[PDB]
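A.B. asks: Structure file structure_27.txt (compact mmCIF, N, CA and C atoms and all ligand atoms) is given on the next line.
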```txt
# COMPACT_ATOMS: atom_id res chain seq x y z
N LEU A 286 6.06 8.89 6.34
CA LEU A 286 4.83 8.62 5.61
C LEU A 286 4.94 9.12 4.16
N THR A 287 5.04 8.17 3.22
CA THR A 287 5.17 8.45 1.79
C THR A 287 6.28 9.46 1.54
N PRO A 288 7.56 9.06 1.65
CA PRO A 288 8.65 10.05 1.67
C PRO A 288 8.86 10.75 0.33
N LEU A 289 8.07 11.79 0.08
CA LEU A 289 8.07 12.52 -1.19
C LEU A 289 9.48 12.79 -1.70
N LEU A 290 10.28 13.50 -0.93
CA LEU A 290 11.61 13.92 -1.35
C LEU A 290 12.66 13.00 -0.74
N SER A 291 13.58 12.53 -1.57
CA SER A 291 14.66 11.64 -1.15
C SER A 291 15.92 11.98 -1.93
N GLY A 292 17.07 11.84 -1.29
CA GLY A 292 18.32 12.06 -1.98
C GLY A 292 19.49 11.92 -1.02
N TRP A 293 20.66 11.74 -1.62
CA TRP A 293 21.91 11.72 -0.87
C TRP A 293 22.47 13.14 -0.85
N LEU A 294 22.59 13.71 0.34
CA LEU A 294 23.09 15.07 0.51
C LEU A 294 24.27 15.07 1.47
N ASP A 295 25.15 16.05 1.30
CA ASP A 295 26.30 16.23 2.17
C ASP A 295 25.89 17.15 3.32
N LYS A 296 25.79 16.60 4.53
CA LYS A 296 25.32 17.35 5.69
C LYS A 296 26.51 17.84 6.51
N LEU A 297 26.49 19.13 6.86
CA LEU A 297 27.56 19.71 7.65
C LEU A 297 27.57 19.12 9.06
N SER A 298 28.77 18.85 9.56
CA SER A 298 28.93 18.36 10.92
C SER A 298 29.38 19.49 11.84
N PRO A 299 28.83 19.55 13.05
CA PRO A 299 29.27 20.59 14.00
C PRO A 299 30.73 20.47 14.39
N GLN A 300 31.31 19.28 14.30
CA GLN A 300 32.71 19.10 14.62
C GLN A 300 33.59 19.63 13.50
N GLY A 301 34.74 20.18 13.88
CA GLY A 301 35.69 20.65 12.90
C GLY A 301 35.20 21.89 12.18
N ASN A 302 35.91 22.21 11.10
CA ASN A 302 35.59 23.37 10.27
C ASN A 302 35.34 22.90 8.85
N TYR A 303 34.11 23.11 8.37
CA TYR A 303 33.70 22.80 7.00
C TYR A 303 33.99 21.34 6.64
N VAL A 304 33.43 20.44 7.45
CA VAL A 304 33.53 19.01 7.24
C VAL A 304 32.12 18.47 7.02
N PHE A 305 31.89 17.88 5.86
CA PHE A 305 30.58 17.36 5.51
C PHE A 305 30.57 15.84 5.60
N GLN A 306 29.37 15.28 5.69
CA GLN A 306 29.20 13.83 5.75
C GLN A 306 28.02 13.43 4.88
N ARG A 307 28.20 12.37 4.10
CA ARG A 307 27.17 11.93 3.16
C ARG A 307 26.05 11.26 3.94
N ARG A 308 24.86 11.85 3.90
CA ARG A 308 23.68 11.30 4.56
C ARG A 308 22.55 11.19 3.55
N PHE A 309 21.80 10.10 3.64
CA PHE A 309 20.60 9.91 2.83
C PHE A 309 19.44 10.57 3.56
N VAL A 310 18.92 11.66 3.01
CA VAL A 310 17.87 12.44 3.66
C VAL A 310 16.54 12.21 2.95
N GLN A 311 15.46 12.25 3.73
CA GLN A 311 14.10 12.13 3.23
C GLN A 311 13.23 13.22 3.83
N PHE A 312 12.22 13.64 3.07
CA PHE A 312 11.26 14.63 3.53
C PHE A 312 9.86 14.19 3.11
N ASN A 313 9.01 13.91 4.10
CA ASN A 313 7.67 13.40 3.86
C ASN A 313 6.59 14.45 4.05
N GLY A 314 6.96 15.70 4.31
CA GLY A 314 6.01 16.75 4.59
C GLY A 314 5.78 17.03 6.06
N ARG A 315 6.25 16.15 6.95
CA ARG A 315 6.10 16.35 8.39
C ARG A 315 7.42 16.43 9.13
N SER A 316 8.46 15.75 8.67
CA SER A 316 9.76 15.81 9.32
C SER A 316 10.86 15.55 8.30
N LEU A 317 12.01 16.17 8.55
CA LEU A 317 13.19 16.00 7.71
C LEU A 317 14.12 15.01 8.40
N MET A 318 14.22 13.80 7.85
CA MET A 318 15.01 12.73 8.43
C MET A 318 16.27 12.51 7.60
N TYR A 319 17.38 12.23 8.27
CA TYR A 319 18.62 11.90 7.58
C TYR A 319 19.19 10.61 8.16
N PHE A 320 19.59 9.72 7.26
CA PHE A 320 20.11 8.40 7.60
C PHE A 320 21.57 8.30 7.20
N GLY A 321 22.30 7.42 7.89
CA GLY A 321 23.65 7.09 7.44
C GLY A 321 23.65 6.42 6.09
N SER A 322 22.65 5.57 5.84
CA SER A 322 22.46 4.92 4.56
C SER A 322 20.97 4.77 4.31
N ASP A 323 20.60 4.69 3.04
CA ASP A 323 19.19 4.47 2.70
C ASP A 323 18.72 3.09 3.12
N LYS A 324 19.65 2.16 3.37
CA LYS A 324 19.32 0.84 3.88
C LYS A 324 19.25 0.78 5.40
N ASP A 325 19.63 1.86 6.09
CA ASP A 325 19.52 1.88 7.55
C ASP A 325 18.05 2.04 7.95
N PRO A 326 17.52 1.18 8.82
CA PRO A 326 16.11 1.32 9.21
C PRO A 326 15.83 2.55 10.05
N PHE A 327 16.70 2.87 11.01
CA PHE A 327 16.42 4.01 11.87
C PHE A 327 17.26 5.21 11.48
N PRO A 328 16.66 6.40 11.47
CA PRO A 328 17.40 7.59 11.03
C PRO A 328 18.44 8.05 12.04
N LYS A 329 19.49 8.68 11.52
CA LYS A 329 20.49 9.30 12.39
C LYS A 329 19.94 10.55 13.06
N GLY A 330 18.96 11.21 12.46
CA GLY A 330 18.36 12.39 13.07
C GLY A 330 17.05 12.74 12.39
N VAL A 331 16.14 13.33 13.17
CA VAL A 331 14.83 13.73 12.69
C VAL A 331 14.61 15.19 13.06
N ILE A 332 14.23 16.00 12.08
CA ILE A 332 13.95 17.41 12.30
C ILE A 332 12.49 17.67 11.92
N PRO A 333 11.59 17.74 12.91
CA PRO A 333 10.18 17.97 12.60
C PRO A 333 9.95 19.31 11.92
N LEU A 334 9.01 19.32 10.98
CA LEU A 334 8.67 20.56 10.28
C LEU A 334 8.16 21.62 11.25
N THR A 335 7.50 21.19 12.33
CA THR A 335 7.06 22.12 13.35
C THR A 335 8.24 22.83 14.01
N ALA A 336 9.36 22.12 14.17
CA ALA A 336 10.56 22.73 14.73
C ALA A 336 11.27 23.64 13.74
N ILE A 337 11.04 23.46 12.44
CA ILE A 337 11.69 24.30 11.43
C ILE A 337 11.17 25.72 11.56
N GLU A 338 12.09 26.67 11.71
CA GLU A 338 11.72 28.07 11.76
C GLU A 338 11.97 28.79 10.44
N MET A 339 12.95 28.34 9.66
CA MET A 339 13.24 28.94 8.36
C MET A 339 14.14 28.00 7.57
N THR A 340 14.10 28.17 6.25
CA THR A 340 14.95 27.44 5.33
C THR A 340 15.38 28.40 4.24
N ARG A 341 16.69 28.56 4.06
CA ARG A 341 17.19 29.54 3.12
C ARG A 341 18.37 28.96 2.34
N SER A 342 18.50 29.39 1.10
CA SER A 342 19.60 28.95 0.25
C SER A 342 20.90 29.60 0.72
N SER A 343 22.02 29.01 0.30
CA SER A 343 23.35 29.48 0.66
C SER A 343 24.12 29.86 -0.61
N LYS A 344 25.41 30.17 -0.44
CA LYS A 344 26.22 30.69 -1.54
C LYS A 344 26.28 29.70 -2.69
N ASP A 345 26.86 28.52 -2.44
CA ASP A 345 26.96 27.46 -3.44
C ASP A 345 25.66 26.67 -3.45
N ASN A 346 25.66 25.49 -4.08
CA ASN A 346 24.49 24.60 -4.00
C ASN A 346 24.38 24.05 -2.58
N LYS A 347 23.89 24.91 -1.68
CA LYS A 347 23.81 24.62 -0.25
C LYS A 347 22.54 25.27 0.29
N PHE A 348 21.94 24.66 1.30
CA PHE A 348 20.80 25.30 1.95
C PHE A 348 20.83 25.04 3.45
N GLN A 349 20.28 25.99 4.20
CA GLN A 349 20.23 25.93 5.66
C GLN A 349 18.80 25.67 6.12
N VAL A 350 18.65 24.72 7.04
CA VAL A 350 17.38 24.47 7.71
C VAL A 350 17.55 24.92 9.15
N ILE A 351 16.88 26.01 9.51
CA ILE A 351 17.12 26.71 10.78
C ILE A 351 15.95 26.45 11.71
N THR A 352 16.23 25.83 12.85
CA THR A 352 15.25 25.62 13.89
C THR A 352 15.44 26.65 15.00
N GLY A 353 14.71 26.47 16.10
CA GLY A 353 14.87 27.35 17.24
C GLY A 353 16.22 27.25 17.90
N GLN A 354 16.82 26.06 17.90
CA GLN A 354 18.08 25.84 18.60
C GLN A 354 19.28 25.59 17.70
N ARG A 355 19.08 24.98 16.53
CA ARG A 355 20.21 24.58 15.70
C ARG A 355 19.90 24.90 14.25
N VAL A 356 20.97 25.01 13.46
CA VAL A 356 20.91 25.15 12.02
C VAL A 356 21.57 23.93 11.39
N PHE A 357 20.87 23.31 10.44
CA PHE A 357 21.42 22.21 9.66
C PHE A 357 21.82 22.72 8.28
N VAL A 358 23.04 22.40 7.86
CA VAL A 358 23.56 22.81 6.57
C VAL A 358 23.67 21.58 5.68
N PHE A 359 22.97 21.60 4.56
CA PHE A 359 23.00 20.51 3.59
C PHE A 359 23.56 21.03 2.27
N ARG A 360 24.41 20.23 1.64
CA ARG A 360 25.01 20.55 0.35
C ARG A 360 24.53 19.56 -0.70
N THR A 361 24.04 20.08 -1.82
CA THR A 361 23.51 19.26 -2.89
C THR A 361 24.58 19.06 -3.96
N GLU A 362 24.20 18.41 -5.06
CA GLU A 362 25.12 18.21 -6.18
C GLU A 362 25.00 19.31 -7.22
N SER A 363 23.84 19.95 -7.31
CA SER A 363 23.59 20.99 -8.30
C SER A 363 22.73 22.08 -7.67
N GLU A 364 22.74 23.25 -8.31
CA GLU A 364 21.87 24.33 -7.85
C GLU A 364 20.40 23.98 -8.04
N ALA A 365 20.07 23.20 -9.07
CA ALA A 365 18.69 22.77 -9.28
C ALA A 365 18.19 21.91 -8.13
N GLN A 366 19.01 20.95 -7.69
CA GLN A 366 18.64 20.11 -6.56
C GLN A 366 18.47 20.94 -5.29
N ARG A 367 19.39 21.87 -5.04
CA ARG A 367 19.28 22.74 -3.88
C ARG A 367 18.00 23.56 -3.94
N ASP A 368 17.68 24.11 -5.11
CA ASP A 368 16.48 24.93 -5.24
C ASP A 368 15.22 24.11 -5.02
N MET A 369 15.20 22.86 -5.50
CA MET A 369 14.03 22.00 -5.29
C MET A 369 13.84 21.68 -3.81
N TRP A 370 14.93 21.32 -3.13
CA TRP A 370 14.85 21.05 -1.69
C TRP A 370 14.42 22.30 -0.93
N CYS A 371 15.00 23.44 -1.29
CA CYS A 371 14.72 24.66 -0.54
C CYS A 371 13.29 25.14 -0.78
N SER A 372 12.82 25.07 -2.03
CA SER A 372 11.45 25.49 -2.32
C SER A 372 10.44 24.57 -1.63
N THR A 373 10.68 23.26 -1.65
CA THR A 373 9.75 22.32 -1.03
C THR A 373 9.62 22.58 0.47
N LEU A 374 10.74 22.77 1.16
CA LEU A 374 10.69 23.07 2.59
C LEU A 374 10.00 24.40 2.85
N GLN A 375 10.28 25.40 2.02
CA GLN A 375 9.63 26.70 2.18
C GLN A 375 8.13 26.61 1.94
N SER A 376 7.72 25.81 0.95
CA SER A 376 6.30 25.64 0.67
C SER A 376 5.58 25.01 1.86
N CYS A 377 6.15 23.93 2.40
CA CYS A 377 5.53 23.27 3.54
C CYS A 377 5.53 24.16 4.77
N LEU A 378 6.62 24.91 4.97
CA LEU A 378 6.66 25.85 6.09
C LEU A 378 5.56 26.90 5.96
N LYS A 379 5.34 27.40 4.75
CA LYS A 379 4.33 28.44 4.55
C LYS A 379 2.92 27.90 4.82
N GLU A 380 2.64 26.67 4.37
CA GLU A 380 1.31 26.09 4.60
C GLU A 380 1.11 25.65 6.04
N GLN A 381 2.18 25.22 6.73
CA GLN A 381 2.03 24.79 8.12
C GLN A 381 1.70 25.95 9.05
N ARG A 382 1.98 27.19 8.65
CA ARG A 382 1.64 28.35 9.45
C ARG A 382 0.24 28.88 9.14
N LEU A 383 -0.48 28.25 8.22
CA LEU A 383 -1.82 28.69 7.85
C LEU A 383 -2.87 27.66 8.25
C1 LIG B 401 38.86 19.60 10.68
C2 LIG B 401 38.76 18.50 11.73
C3 LIG B 401 37.96 17.32 11.18
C4 LIG B 401 36.92 16.88 12.18
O1 LIG B 401 37.08 17.07 13.37
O2 LIG B 401 35.81 16.26 11.75
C5 LIG B 401 35.31 15.39 12.73
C6 LIG B 401 34.32 14.44 12.07
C7 LIG B 401 33.02 14.41 12.87
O3 LIG B 401 33.02 13.29 13.71
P1 LIG B 401 31.57 12.83 14.24
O4 LIG B 401 31.03 11.77 13.36
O5 LIG B 401 31.71 12.26 15.75
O6 LIG B 401 30.58 14.11 14.24
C8 LIG B 401 29.27 13.92 14.72
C9 LIG B 401 28.37 13.63 13.52
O7 LIG B 401 28.58 14.63 12.56
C10 LIG B 401 26.89 13.57 13.89
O8 LIG B 401 26.11 13.66 12.73
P2 LIG B 401 25.37 12.33 12.20
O9 LIG B 401 26.40 11.35 11.82
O10 LIG B 401 24.47 12.72 10.91
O11 LIG B 401 24.40 11.72 13.34
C11 LIG B 401 26.45 14.75 14.74
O12 LIG B 401 25.18 14.47 15.25
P3 LIG B 401 24.00 15.33 14.58
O13 LIG B 401 24.60 16.40 13.75
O14 LIG B 401 23.10 16.00 15.73
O15 LIG B 401 23.10 14.35 13.66
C12 LIG B 401 27.37 15.07 15.91
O16 LIG B 401 26.93 16.30 16.40
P4 LIG B 401 26.53 16.36 17.96
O17 LIG B 401 27.90 16.48 18.80
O18 LIG B 401 25.81 15.13 18.35
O19 LIG B 401 25.59 17.64 18.25
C13 LIG B 401 28.82 15.18 15.46
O20 LIG B 401 29.64 15.38 16.59
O21 LIG B 401 34.88 13.15 12.00
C14 LIG B 401 34.67 12.63 10.79
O22 LIG B 401 33.97 11.65 10.67
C15 LIG B 401 35.30 13.26 9.57
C16 LIG B 401 36.76 12.83 9.43
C17 LIG B 401 37.68 14.05 9.51
```
Translate the structure of the given file into structure tokens.
C.D. replies:
Amino acid sequence: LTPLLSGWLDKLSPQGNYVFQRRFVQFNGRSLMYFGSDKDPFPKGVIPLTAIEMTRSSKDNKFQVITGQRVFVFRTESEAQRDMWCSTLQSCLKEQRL
């Protein structure tokens, strides 16, 4: 619903060691969806904001979205992009608990 935040991010894969995959991710304020392509109609994965337990920045231009069961690692192109993604998720997380 009105996908406020959109971008191509490098998402960490659980397979292998430090192997990323280019996914087009969107954030509408209710769930974090990632697609194989922005032209793909159905997402490769959906992470509801209710399931999000925390979101924290990483060493490089990277941020972690931590749920109850899994952690998603996304890599941006710049620290500014990472900070915008991380602040937006933190803002929504803070308001969803109030
Ligand atoms: C150092 C060894 C290299 C190596 O092994 O790297 C192996 C990689 C990974 O291969 P694969 O594409 O099968 O990995 C799966 C993939 O990362 C899925 O992510 P999405 O494409 O965004 O759907 C994973 O699913 P989710 O993250 O839950 O979305 C899937 O995880 P699950 O098993 O379903 O929990 C991954 O398995 O091969 C490549 O494509 C990269 C080529 C090397």
A.B. asks: Could you list, as a list in words, every residue within 12 Å of residue 342 in chain A, counting only C-alpha atoms and ignoring same-chain residues fewer than 2 positions away?
C.D. replies: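 Close residues of residue 342 in chain A: residues 339, 340, 344, 345, 346, 347, 348, 349, 350, 351, 357, 358, 359, 360, 361, 364, 365, 366, 367, 368, 369, 370, 371, 372, 373, 374 and 375 of chain A.
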A.B. asks: Give me the residues near residue 286 in chain A as a PyMOL selection string, where near means some atom within 8 Å (using all atoms listed in the file) and where sequence neighbours in that chain fewer than 5 positions away do not count.
C.D. replies: chain A and resi 312-316
A.B. asks: From the list A:326, A:321, A:333, A:353, which residue is nearest residue 292 in chain A when using only C-alpha atoms?
C.D. replies: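 Looking at the shortest contact to residue 292 in chain A, the residue is A:321.
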A.B. asks: Running DSSP on the backbone, which parts of range 298-382 of chain A land in strand (DSSP E), as a PyMOL selection string?
C.D. replies: chain A and resi 305-312+316-320+330-333+337-342+347-352+356-360
A.B. asks: What does the file look like for those residues with N, CA and C atoms, as an mmCIF file, in the coordinates of the input?
C.D. replies:
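The result, written out as part_3.cif:
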```
data_model
loop_
_atom_site.group_PDB
_atom_site.id
_atom_site.type_symbol
_atom_site.label_atom_id
_atom_site.label_comp_id
_atom_site.auth_asym_id
_atom_site.auth_seq_id
_atom_site.Cartn_x
_atom_site.Cartn_y
_atom_site.Cartn_z
ATOM 1 N N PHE A 305 31.890 17.880 5.860
ATOM 2 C CA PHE A 305 30.580 17.360 5.510
ATOM 3 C C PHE A 305 30.570 15.840 5.600
ATOM 4 N N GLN A 306 29.370 15.280 5.690
ATOM 5 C CA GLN A 306 29.200 13.830 5.750
ATOM 6 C C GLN A 306 28.020 13.430 4.880
ATOM 7 N N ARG A 307 28.200 12.370 4.100
ATOM 8 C CA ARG A 307 27.170 11.930 3.160
ATOM 9 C C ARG A 307 26.050 11.260 3.940
ATOM 10 N N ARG A 308 24.860 11.850 3.900
ATOM 11 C CA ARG A 308 23.680 11.300 4.560
ATOM 12 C C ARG A 308 22.550 11.190 3.550
ATOM 13 N N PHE A 309 21.800 10.100 3.640
ATOM 14 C CA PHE A 309 20.600 9.910 2.830
ATOM 15 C C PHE A 309 19.440 10.570 3.560
ATOM 16 N N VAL A 310 18.920 11.660 3.010
ATOM 17 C CA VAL A 310 17.870 12.440 3.660
ATOM 18 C C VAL A 310 16.540 12.210 2.950
ATOM 19 N N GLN A 311 15.460 12.250 3.730
ATOM 20 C CA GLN A 311 14.100 12.130 3.230
ATOM 21 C C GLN A 311 13.230 13.220 3.830
ATOM 22 N N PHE A 312 12.220 13.640 3.070
ATOM 23 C CA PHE A 312 11.260 14.630 3.530
ATOM 24 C C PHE A 312 9.860 14.190 3.110
ATOM 25 N N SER A 316 8.460 15.750 8.670
ATOM 26 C CA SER A 316 9.760 15.810 9.320
ATOM 27 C C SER A 316 10.860 15.550 8.300
ATOM 28 N N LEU A 317 12.010 16.170 8.550
ATOM 29 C CA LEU A 317 13.190 16.000 7.710
ATOM 30 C C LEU A 317 14.120 15.010 8.400
ATOM 31 N N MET A 318 14.220 13.800 7.850
ATOM 32 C CA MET A 318 15.010 12.730 8.430
ATOM 33 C C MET A 318 16.270 12.510 7.600
ATOM 34 N N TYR A 319 17.380 12.230 8.270
ATOM 35 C CA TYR A 319 18.620 11.900 7.580
ATOM 36 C C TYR A 319 19.190 10.610 8.160
ATOM 37 N N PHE A 320 19.590 9.720 7.260
ATOM 38 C CA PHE A 320 20.110 8.400 7.600
ATOM 39 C C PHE A 320 21.570 8.300 7.200
ATOM 40 N N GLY A 330 18.960 11.210 12.460
ATOM 41 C CA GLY A 330 18.360 12.390 13.070
ATOM 42 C C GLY A 330 17.050 12.740 12.390
ATOM 43 N N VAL A 331 16.140 13.330 13.170
ATOM 44 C CA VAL A 331 14.830 13.730 12.690
ATOM 45 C C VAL A 331 14.610 15.190 13.060
ATOM 46 N N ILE A 332 14.230 16.000 12.080
ATOM 47 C CA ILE A 332 13.950 17.410 12.300
ATOM 48 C C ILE A 332 12.490 17.670 11.920
ATOM 49 N N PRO A 333 11.590 17.740 12.910
ATOM 50 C CA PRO A 333 10.180 17.970 12.600
ATOM 51 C C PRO A 333 9.950 19.310 11.920
ATOM 52 N N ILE A 337 11.040 23.460 12.440
ATOM 53 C CA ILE A 337 11.690 24.300 11.430
ATOM 54 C C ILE A 337 11.170 25.720 11.560
ATOM 55 N N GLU A 338 12.090 26.670 11.710
ATOM 56 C CA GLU A 338 11.720 28.070 11.760
ATOM 57 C C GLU A 338 11.970 28.790 10.440
ATOM 58 N N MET A 339 12.950 28.340 9.660
ATOM 59 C CA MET A 339 13.240 28.940 8.360
ATOM 60 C C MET A 339 14.140 28.000 7.570
ATOM 61 N N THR A 340 14.100 28.170 6.250
ATOM 62 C CA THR A 340 14.950 27.440 5.330
ATOM 63 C C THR A 340 15.380 28.400 4.240
ATOM 64 N N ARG A 341 16.690 28.560 4.060
ATOM 65 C CA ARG A 341 17.190 29.540 3.120
ATOM 66 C C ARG A 341 18.370 28.960 2.340
ATOM 67 N N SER A 342 18.500 29.390 1.100
ATOM 68 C CA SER A 342 19.600 28.950 0.250
ATOM 69 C C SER A 342 20.900 29.600 0.720
ATOM 70 N N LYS A 347 23.890 24.910 -1.680
ATOM 71 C CA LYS A 347 23.810 24.620 -0.250
ATOM 72 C C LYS A 347 22.540 25.270 0.290
ATOM 73 N N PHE A 348 21.940 24.660 1.300
ATOM 74 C CA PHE A 348 20.800 25.300 1.950
ATOM 75 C C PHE A 348 20.830 25.040 3.450
ATOM 76 N N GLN A 349 20.280 25.990 4.200
ATOM 77 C CA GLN A 349 20.230 25.930 5.660
ATOM 78 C C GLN A 349 18.800 25.670 6.120
ATOM 79 N N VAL A 350 18.650 24.720 7.040
ATOM 80 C CA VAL A 350 17.380 24.470 7.710
ATOM 81 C C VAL A 350 17.550 24.920 9.150
ATOM 82 N N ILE A 351 16.880 26.010 9.510
ATOM 83 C CA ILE A 351 17.120 26.710 10.780
ATOM 84 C C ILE A 351 15.950 26.450 11.710
ATOM 85 N N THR A 352 16.230 25.830 12.850
ATOM 86 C CA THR A 352 15.250 25.620 13.890
ATOM 87 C C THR A 352 15.440 26.650 15.000
ATOM 88 N N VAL A 356 20.970 25.010 13.460
ATOM 89 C CA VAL A 356 20.910 25.150 12.020
ATOM 90 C C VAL A 356 21.570 23.930 11.390
ATOM 91 N N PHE A 357 20.870 23.310 10.440
ATOM 92 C CA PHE A 357 21.420 22.210 9.660
ATOM 93 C C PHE A 357 21.820 22.720 8.280
ATOM 94 N N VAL A 358 23.040 22.400 7.860
ATOM 95 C CA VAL A 358 23.560 22.810 6.570
ATOM 96 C C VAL A 358 23.670 21.580 5.680
ATOM 97 N N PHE A 359 22.970 21.600 4.560
ATOM 98 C CA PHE A 359 23.000 20.510 3.590
ATOM 99 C C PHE A 359 23.560 21.030 2.270
ATOM 100 N N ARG A 360 24.410 20.230 1.640
ATOM 101 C CA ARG A 360 25.010 20.550 0.350
ATOM 102 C C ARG A 360 24.530 19.560 -0.700
#
```
A.B. asks: When distances are computed from all atoms listed in the file, which of A:287, A:323, A:293, A:329 shows the smallest separation from ligand LIG 401 (chain B)?
C.D. replies: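 Between A:287, A:323, A:293, A:329, the residue approaching ligand LIG 401 (chain B) most closely is A:329.
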A.B. asks: How would you write, as a ChimeraX atom specification, the set of residues no farther than 8 Å from ligand LIG 401 (chain B) when counting only N, CA and C atoms and all ligand atoms?
C.D. replies: /A:296-308,319-321,328-331,357
A.B. asks: Given the selection you just returned, output its residues as a file containing N, CA and C atoms, formatted as a tab-separated table (two decimals), keeping the file's coordinate frame.
C.D. replies:
```
chain	number	residue	atom	x	y	z
A	296	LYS	N	25.79	16.60	4.53
A	296	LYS	CA	25.32	17.35	5.69
A	296	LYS	C	26.51	17.84	6.51
A	297	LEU	N	26.49	19.13	6.86
A	297	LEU	CA	27.56	19.71	7.65
A	297	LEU	C	27.57	19.12	9.06
A	298	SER	N	28.77	18.85	9.56
A	298	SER	CA	28.93	18.36	10.92
A	298	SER	C	29.38	19.49	11.84
A	299	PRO	N	28.83	19.55	13.05
A	299	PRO	CA	29.27	20.59	14.00
A	299	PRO	C	30.73	20.47	14.39
A	300	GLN	N	31.31	19.28	14.30
A	300	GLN	CA	32.71	19.10	14.62
A	300	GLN	C	33.59	19.63	13.50
A	301	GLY	N	34.74	20.18	13.88
A	301	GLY	CA	35.69	20.65	12.90
A	301	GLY	C	35.20	21.89	12.18
A	302	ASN	N	35.91	22.21	11.10
A	302	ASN	CA	35.59	23.37	10.27
A	302	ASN	C	35.34	22.90	8.85
A	303	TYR	N	34.11	23.11	8.37
A	303	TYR	CA	33.70	22.80	7.00
A	303	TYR	C	33.99	21.34	6.64
A	304	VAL	N	33.43	20.44	7.45
A	304	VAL	CA	33.53	19.01	7.24
A	304	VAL	C	32.12	18.47	7.02
A	305	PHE	N	31.89	17.88	5.86
A	305	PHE	CA	30.58	17.36	5.51
A	305	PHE	C	30.57	15.84	5.60
A	306	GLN	N	29.37	15.28	5.69
A	306	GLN	CA	29.20	13.83	5.75
A	306	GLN	C	28.02	13.43	4.88
A	307	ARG	N	28.20	12.37	4.10
A	307	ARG	CA	27.17	11.93	3.16
A	307	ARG	C	26.05	11.26	3.94
A	308	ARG	N	24.86	11.85	3.90
A	308	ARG	CA	23.68	11.30	4.56
A	308	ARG	C	22.55	11.19	3.55
A	319	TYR	N	17.38	12.23	8.27
A	319	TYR	CA	18.62	11.90	7.58
A	319	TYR	C	19.19	10.61	8.16
A	320	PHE	N	19.59	9.72	7.26
A	320	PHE	CA	20.11	8.40	7.60
A	320	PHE	C	21.57	8.30	7.20
A	321	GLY	N	22.30	7.42	7.89
A	321	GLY	CA	23.65	7.09	7.44
A	321	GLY	C	23.65	6.42	6.09
A	328	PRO	N	16.66	6.40	11.47
A	328	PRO	CA	17.40	7.59	11.03
A	328	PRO	C	18.44	8.05	12.04
A	329	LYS	N	19.49	8.68	11.52
A	329	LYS	CA	20.49	9.30	12.39
A	329	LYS	C	19.94	10.55	13.06
A	330	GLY	N	18.96	11.21	12.46
A	330	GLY	CA	18.36	12.39	13.07
A	330	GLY	C	17.05	12.74	12.39
A	331	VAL	N	16.14	13.33	13.17
A	331	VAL	CA	14.83	13.73	12.69
A	331	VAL	C	14.61	15.19	13.06
A	357	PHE	N	20.87	23.31	10.44
A	357	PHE	CA	21.42	22.21	9.66
A	357	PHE	C	21.82	22.72	8.28
```
A.B. asks: Please run DSSP on the backbone and report, as a short mmCIF file (atom, residue, chain, number, x, y, z; two decimals) with N, CA and C atoms, in the frame of the given file, all residues within chain A that come out as helix (DSSP H, G or I).
C.D. replies:
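Listed below is the output, out.cif:
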```
data_model
loop_
_atom_site.label_atom_id
_atom_site.label_comp_id
_atom_site.auth_asym_id
_atom_site.auth_seq_id
_atom_site.Cartn_x
_atom_site.Cartn_y
_atom_site.Cartn_z
N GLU A 364 22.74 23.25 -8.31
CA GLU A 364 21.87 24.33 -7.85
C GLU A 364 20.40 23.98 -8.04
N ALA A 365 20.07 23.20 -9.07
CA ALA A 365 18.69 22.77 -9.28
C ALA A 365 18.19 21.91 -8.13
N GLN A 366 19.01 20.95 -7.69
CA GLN A 366 18.64 20.11 -6.56
C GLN A 366 18.47 20.94 -5.29
N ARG A 367 19.39 21.87 -5.04
CA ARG A 367 19.28 22.74 -3.88
C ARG A 367 18.00 23.56 -3.94
N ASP A 368 17.68 24.11 -5.11
CA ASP A 368 16.48 24.93 -5.24
C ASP A 368 15.22 24.11 -5.02
N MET A 369 15.20 22.86 -5.50
CA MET A 369 14.03 22.00 -5.29
C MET A 369 13.84 21.68 -3.81
N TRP A 370 14.93 21.32 -3.13
CA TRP A 370 14.85 21.05 -1.69
C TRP A 370 14.42 22.30 -0.93
N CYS A 371 15.00 23.44 -1.29
CA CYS A 371 14.72 24.66 -0.54
C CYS A 371 13.29 25.14 -0.78
N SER A 372 12.82 25.07 -2.03
CA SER A 372 11.45 25.49 -2.32
C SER A 372 10.44 24.57 -1.63
N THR A 373 10.68 23.26 -1.65
CA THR A 373 9.75 22.32 -1.03
C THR A 373 9.62 22.58 0.47
N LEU A 374 10.74 22.77 1.16
CA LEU A 374 10.69 23.07 2.59
C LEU A 374 10.00 24.40 2.85
N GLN A 375 10.28 25.40 2.02
CA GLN A 375 9.63 26.70 2.18
C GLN A 375 8.13 26.61 1.94
N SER A 376 7.72 25.81 0.95
CA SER A 376 6.30 25.64 0.67
C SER A 376 5.58 25.01 1.86
N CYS A 377 6.15 23.93 2.40
CA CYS A 377 5.53 23.27 3.54
C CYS A 377 5.53 24.16 4.77
N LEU A 378 6.62 24.91 4.97
CA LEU A 378 6.66 25.85 6.09
C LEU A 378 5.56 26.90 5.96
N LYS A 379 5.34 27.40 4.75
CA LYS A 379 4.33 28.44 4.55
C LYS A 379 2.92 27.90 4.82
N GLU A 380 2.64 26.67 4.37
CA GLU A 380 1.31 26.09 4.60
C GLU A 380 1.11 25.65 6.04
N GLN A 381 2.18 25.22 6.73
CA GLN A 381 2.03 24.79 8.12
C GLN A 381 1.70 25.95 9.05
#
```
A.B. asks: Please return the centre and edge lengths, in Å to one decimal, of a box with edges along x, y and z that contains all listed atoms of range 316-331 of chain A, widened by 8 Å on every side, as JSON.
C.D. replies:
```
{"center_x": 16.1, "center_y": 8.5, "center_z": 7.9, "size_x": 31.2, "size_y": 31.4, "size_z": 26.5}
```
A.B. asks: Would you work out the distance separating CA of residue 363 in chain A from CA of residue 295 in chain A, expressed in Å to one decimal?
C.D. replies: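 Straight-line distance from CA of residue 363 in chain A to CA of residue 295 in chain A works out to 11.8 Å.
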A.B. asks: Which one is closest to residue 376 in chain A: A:322, A:334, A:309, A:294? Count only C-alpha atoms.
C.D. replies: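 Closest to residue 376 in chain A of all the choices is A:334.
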